[PDB]
Q: 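Below are the structure tokens for one structure; questions will follow.
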2 protein chains.
Amino acid sequence: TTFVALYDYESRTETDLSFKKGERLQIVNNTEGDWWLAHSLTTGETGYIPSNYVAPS
Amino acid sequence: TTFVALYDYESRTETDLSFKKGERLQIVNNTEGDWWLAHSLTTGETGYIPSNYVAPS
């Protein structure tokens, strides 16, 4: 599948991808899975996680 | 839903969340959507994108 950007996006880290509205993008499948923003109930810390590392309780 | 970490994970950026196997995590829903690793056919650049910014071709 090929996706099209609906908006401009500016990178904030060295790992994200900047792109302009209209750009054509392909998804890279890998062992991490989609990333999710998550909050640890164990430590109180918050940030993005690789979803293939977790499972529903 | 509450998720449980299956493995230890060490953060590589200032935005990801480090966690230990066993930690209980909740997902933060937001306007970005899941993040995906993507390759631009337009620029040749590669990195993570907020998926709510794109749509299938």
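The basis for the numbers below is simple: all heavy atoms, side chains too, and nothing from hydrogens, waters or symmetry mates. Below, chain A is the first sequence line, B the second, and so on; all start at residue 1.
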Q: Under 4.0 Å between a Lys/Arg side-chain N and an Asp/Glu carboxylate O for B/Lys20 and A/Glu45?
A: no
Q: Please find the pair of heavy atoms, one from A/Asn52 and one from B/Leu6, that lie closest to each other, and give the distance.
A: O-CD1, 4.1 Å
Q: Counting only non-hydrogen atoms closer than 4.5 Å, does B/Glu14 touch chain A with its backbone (N, CA, C, O), its side chain (CB onward), both, or neither?
A: neither
Q: Could you have a look at B/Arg24, B/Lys21, B/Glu32 and say which one has the most heavy-atom pairs with chain A under 4.5 angstrom?
A: B/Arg24
Q: Based on non-hydrogen pairs under 4.5 Å, which of A/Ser40, A/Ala55, A/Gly47, A/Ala38 is most in contact with chain B?
A: A/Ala55
Q: So which part of B/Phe19 gets closer than 4.5 Å to some heavy atom of chain A, the side chain, the backbone, both or neither?
A: side chain
Q: Indicate, with yes or no, if the rings of A/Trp35 and B/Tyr9 have centres closer together than 6.0 Å.
A: yes
Q: To the closest 0.5 Å, what do you measure between OH (B/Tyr48) and CG (A/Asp16)?
A: 10.5 Å
Q: Does the side chain of B/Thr46 reach to within under 4.5 Å of the side chain of A/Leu17, using non-hydrogen atoms?
A: no
Q: Please tell me if the side chains of A/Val4 and B/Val54 come closer than 4.5 Å, counting only heavy atoms from C-beta onward.
A: no
Q: Which heavy atom in B/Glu23 sits nearest to a heavy atom in A/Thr43, and how many Å separate them?
A: OE1-CG2, 3.7 Å
Q: Does B/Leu41 reach the side chain of A/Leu25, with side-chain heavy atoms less than 4.5 Å apart?
A: no
Q: Between CG of A/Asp34 and OG of B/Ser51, what distance do you get to the nearest 0.5 Å?
A: 7.0 Å
Q: Measuring heavy-atom distances to chain B, does A/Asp8 have an atom under 4.5 Å in its side chain, in its backbone, in both, or in neither?
A: backbone
Q: Side chain, backbone, both or neither: which part of A/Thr13 has a heavy atom under 4.5 Å from chain B?
A: side chain
Q: Any side-chain heavy atom of A/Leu37 sitting closer than 4.5 Å to one from B/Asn30?
A: yes
Q: Distance-only, no hydrogens or angles: does the B/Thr2 side chain make a donor-acceptor pair with backbone N or O of A/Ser57 under 3.5 Å?
A: no
Q: Under a 4.5 Å heavy-atom cutoff, which of B/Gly33, B/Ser18, B/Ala5, B/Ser11 has the most pairs with chain A?
A: B/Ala5
